[PDB]
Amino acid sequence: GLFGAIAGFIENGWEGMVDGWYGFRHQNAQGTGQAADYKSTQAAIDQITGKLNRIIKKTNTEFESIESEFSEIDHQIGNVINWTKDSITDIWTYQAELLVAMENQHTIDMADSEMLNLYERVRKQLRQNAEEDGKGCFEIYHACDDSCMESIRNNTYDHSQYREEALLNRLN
């Protein structure tokens, strides 16, 4: 897709993640774990909720009947009404198809961009202490316990604390 993350450099989604749309899976000495990102999840959900508020509604225009159900209409006027109604139906059918096709394209790409923005946020956080593996993961070049993993997820990871250790492990 447009931003290259969802159905892109991330190979597939996680069925195990049920408490969020985007999140993290880590690996260290203590073991493995999983956690959802609240901010990126709500950013996507609030944007979809906005679309629904705008699309799921009708006009308040009161329309009356111009065609009798139980008696014959004038033949001339009836043909004009039939031409007009079928023309109006073709416009609305076209507009409905275009609306939903356009919105679905935007919804998919919007969600893709939120995945990329979370990924880019973590990259700049880690700075020179990690390297990209190309699959949406960061190989971290220092000892990174559960509290250190939490600080990456919580956006309080200080790169300068581990920089000296990490640069030596990267150069090797």
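Position 1 is the first residue in the sequence shown; the rest follow in order.
The question of which stretch, 141 to 149 or 40 to 48, has the higher mean Cα B factor is settled in favour of 141 to 149. The PDB entry reports B-factors from which the mean C-alpha value can be compared for 106 to 114 and 25 to 33; the larger average falls on 25 to 33. Among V100, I81, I73, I91, the highest C-alpha B-factor recorded in the PDB entry belongs to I73.
For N60, the recorded CA B-factor ranks within the highest third of the chain. Only modelled residues enter the ranking.
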